[PDB]
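Q: Let me give you the structure first, and then I'll get to my questions.
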RNA sequence: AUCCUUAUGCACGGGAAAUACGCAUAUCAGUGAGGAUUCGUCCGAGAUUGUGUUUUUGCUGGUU
Ligand SMILES: *OP(=O)(O)OP(=O)(O)OC[C@H]1O[C@@H](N2CN(C)c3c2[nH]c(N(C)C)nc3=O)[C@H](O)[C@@H]1O
């Protein structure tokens, strides 16, 4: 608790490094209930410019949407994170189509090409929501 | 226009239709006078 | 849980009808976040039914209401002008907003199937939640509108208390509003922006907010509007920054007097126009 | 001078002002600087700032006094310099300027002047 | 006085086009793609 | 001592433009000029007003 201080710990830590990839993920996770809605767009640009590229930034920005809403808007991001691929992304993907429909089996082969309980877990993670 | 946008959507992809509807607003000057064109079609534009 | 928590807060405010306002600050971000959920949750339900309505009707309250009206069985017999009348009367719309609905009604959605019972329930439950939230938000502003002389003596002096109350209810506090940089203010009370909006004013004001409706703007000829938002929007933020600074026990106006004097005198000069030239 | 504004704090001396205003201008020419209040207030919200400089004799002073309370939450140093007219020049502007925020680029050429001056400024905040 | 087309009037109009195009089986015109065959031929025509 | 960066000054050499360049006992202007927006926000310094010259400014050379 006191995520309020986590605002500053990110800041101090991010002043020092900053290009680090992880640190921006927690700067992002913040805006979820960080409730500062204005600057979120500008900060996703910086996170995506500062580290550029990456995965976890793209994945976390994606999830910030899926968490909220707009299951269609979070698709672009998660799909955009794959083209740079690694198991963290696929979970959110199947979740999205669940809130969407009918695409599930065909996407499945891709999974095997990126590889065993990975088939068995996917269901484990599909039961989360 | 509010009809025109719809009809062009029917026959075209919105991104263009929106442009066509927008291009006809403008602000028309003749020497000292000036009025926005809300209602009619301006026939001086190429796609008219 | 909503109805339980909602009923008391309206009465908790009505029972009082200072300490609350700091709680008020916390609340304003919270209500808004939830509404953008429920609104975006209702869209999830009509993606199948009527995909274009998301665009054409932007705000949740007018979207949630049209959800119902359109969903209602009684109107659906067909060749009912009741629909039109209803929209106009019930979920406030202007002629322009209906024309789009009518035609968009033809291309996209299917009336062959009327949405299922489960989903109907969800909508009803979602609509009720939305209404509860919206009422709460509306109530908050009035209470704010009552305290304006107390919390923001300068801002009411320029803009007028009807509006100041609307502004401060957006960031949810004087502090928050003082943080806002002046370019972003003028766009607060803007309904939204869609492609077929079909707008270019004579003014040349691309963004029309709550401030745009104020006194210090529309008391002047139409040519000087785009110059007077900007000139006023800055002095609002200067006023709002002073209000946060000001001690709660004593609030003194005086800053406003300069900032009106300048503004009225400055607006005159823009209008005045050139002195005539020797040939 | 005139009575230096009691709310002005930390107030840089003569020797620090020369060292600060010189950094300002040195950043202006690399366009790492941002001038004015709102431009500076924008910076902090984003999180790119290094330190804020303000005018002490800004008339009335209450219009910038919000910056200090914002800076303390983002952990960003700040100081007042004794005139606005001088700060106007350093930013490359004809006309008076009451606040300015140097920004971050960690590939920058001047990086080592900045850490120098923040080190000096944070001392003043006791 | 607002737009003179009246909502009830509009449906009658817009409905006719909708049936015609569908009757005629009309694919809508796409947006001009970045890679498009005729971009050259259609610039030269247009500029000349 | 070498080397490197930015600003300013004089300068060889190479280009582009003059519908362009200025001037004012004159109005405002980061205490926000003037714009952009995917509507969430984003850039941040000149805009008015009167005026001077603008198919040309100075300077040489040929041929009649
Ligand atoms: O060029 P000259 O020998 O005339 O320099 P000066 O005689 O003016 O005298 C003292 C200065 O010499 C410079 N030097 C000289 N050397 C060899 C040297 C210098 N500086 C450094 N550093 C400071 C890194 N390293 C050296 O090896 C200095 O400027 C002295 O002030």
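Because the Cβ atoms are built from the backbone with ideal geometry, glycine has one as well, and the counts that use them run over all protein chains shown. Every read-out reported here was derived from the displayed coordinates using simple, explicitly stated rules and does not represent laboratory data.
Q: Using only the Cα atoms of the range C:59-153, build the gyration tensor, take square roots of its eigenvalues as a ≥ b ≥ c, and label the shape rounded, prolate or oblate: rounded if a/c is under 1.5, else prolate if a/b is larger than b/c, else oblate.
A: Details: a/c = 3.29, a/b = 1.91, b/c = 1.72.
It comes out prolate by the Cα gyration axes.
Q: Gain in length, residue C:122 to residue C:45, computed as 0.36 nm per residue apart minus the alpha-carbon separation, to one decimal in nm? Numbers along the way, then the final one.
A: Working: separation 77, 0.36 × 77 = 27.72 nm, distance 0.86 nm.
Additional length available on full extension: 26.9 nm.
Q: Cα atoms only, the range D:70-126: Rg and Dmax in Å?
A: In Å, with Rg to one decimal and Dmax whole: 12.8, 34.
Q: With an 8 Å Cα cut-off and a minimum separation of 6 or more residues, compute the relative contact order for the range C:28-133 in percent. List each step's numbers first, then the result.
A: Numbers: 63 pairs, mean separation 44.4, N = 106.
Taking the mean separation of contacting Cα pairs over the length of the range C:28-133, I get 42 percent.
Q: Helix B:14-23 sits at what angle to the longest principal axis of chain B, using alpha carbons and giving 0 to 90 degrees rounded to 10?
A: Helix B:14-23 and the main axis of chain B meet at about 10 degrees.
Q: Beyond 15 Å, what percent of the Cα pairs of chain B remain? Intermediate results must be reported in sequence, preceding the final value.
A: Details: 546 of 1128 pairs.
Considering chain B, 48 percent of its Cα-Cα pairs are separated by more than 15 Å.
Q: Can you compute the FRET efficiency between residue A:68 and residue D:15 using 1/(1 + (r/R0)^6), with r the Cβ-Cβ distance and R0 = 41 Å? Round to the nearest 0.05. Before the final figure, lay out the partial values.
A: Details: r = 53 Å, r/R0 = 1.28.
Calculated value: 0.20.
Q: So for chain D, what percent of the C-alpha to C-alpha distances run longer than 20 Å? Provide the component values of the computation, followed by the final result.
A: On the way: 2764 of 7875 pairs.
I get 35 percent for the Cα pairs in chain D exceeding 20 Å.
Q: Per the Kirkwood definition applied to all pairs of different Cα atoms, how many angstroms is the hydrodynamic radius of the range C:51-109?
A: Values: mean 1/r = 0.0859 Å⁻¹.
That comes to 11.6 Å for the range C:51-109.
Q: Now for a separate question. Given labels modelled 7 Å from the Cα in the Cβ direction, how far is it in nm from residue A:16 to residue D:1?
A: Result: 3.7 nm between the two label points.
Q: If you don't mind, another one. Would you kindly calculate the translational diffusion coefficient of the range C:152-273, applying Stokes-Einstein with the Kirkwood radius from alpha carbon pairs, for 10 °C and a viscosity of 1.306 mPa s, and quote it in µm² s⁻¹ without decimals? Numbers along the way, then the final one.
A: Working: Rh = 15.0 Å.
Estimated via Stokes-Einstein, D reaches 106 µm²/s.
Q: Same structure again: Counting residues in the protein assembly as shown as N, plug N into 2.2 N^0.38 Å and put the Cα Rg over that result. Walk me through the numbers before you get to the answer.
A: On the way: Rg = 28.7 Å, N = 630, 2.2 N^0.38 = 25.5 Å.
Computed over Cα atoms of the protein assembly as shown, the ratio equals 1.13.
Q: Could I ask something else about it? How are the alpha carbon pair distances in chain C distributed across 5 Å bins from zero to the largest one, expressed in percent?
A: Answer for chain C: a P(r) of 1, 5, 10, 13, 14, 13, 12, 11, 9, 6, 4, 2, 1, 0, 0, 0, 0 percent.
Q: Can I ask one more? From Cα pairs below 8 angstrom and at least 6 apart in sequence, can you work out the relative contact order of the range C:51-109, rounded to a whole percent?
A: On the way: 30 pairs, mean separation 24.3, N = 59.
Value for the range C:51-109: 41 percent.
Q: Now, a different point. Taking a temperature of 4 °C and a viscosity of 1.567 mPa s, what whole-number D in µm²/s does Stokes-Einstein yield for the range C:231-279 with Rh from Kirkwood over alpha carbon pairs?
A: So the translational diffusion coefficient is about 99 µm²/s.
Q: Rounded to the nearest 0.05, what FRET efficiency do residue B:15 and residue A:84 give with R0 = 30 Å and r taken as the Cβ-Cβ distance? Could you check?
A: Values: r = 29 Å, r/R0 = 0.95.
Given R0 = 30 Å and the Cβ-Cβ separation, E is 0.60.
Q: When the Debye formula is applied to the Cα atoms of chain A, each taken as the same point scatterer, what base-10 log of I(q)/I(0) results at q = 0.09, 0.20, 0.21 Å⁻¹?
A: For the requested q values the scattering log ratios are -0.29, -1.18, -1.25.
Q: Over chain B, what relative contact order in percent results from Cα pairs under 8 Å that are six or more residues apart? All intermediate terms of the calculation are to be shown ahead of the outcome.
A: Numbers: 30 pairs, mean separation 12.7, N = 48.
Reported relative contact order: 26 percent.
Q: How much FRET efficiency would the formula 1/(1 + (r/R0)^6) give for residue E:44 and residue E:4, where r is the Cβ-Cβ distance and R0 is 45 Å, rounded to 0.05? Write out the running numbers ahead of the final one.
A: Values: r = 43 Å, r/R0 = 0.95.
The value I calculate is 0.60.
Q: Taking the Cα centre of each part, how many Å lie between the range C:196-244 and the range A:79-129?
A: 50
Q: What per residue convex hull volume, in Å³, do the alpha-carbon atoms of chain E yield? Walk me through the intermediate numbers first.
A: On the way: hull volume 8.3 nm³, N = 48.
Residue-normalised Cα hull volume stands at 174 Å³.
Q: Relative to 2.2 N^0.38 Å, what does the C-alpha radius of gyration of the range C:1-108 come to as a ratio? Two decimals please. Write down the numbers at each step before the final one.
A: Numbers: Rg = 17.8 Å, N = 108, 2.2 N^0.38 = 13.0 Å.
Relative to the rule-of-thumb radius for its length, the range C:1-108 sits at 1.37.
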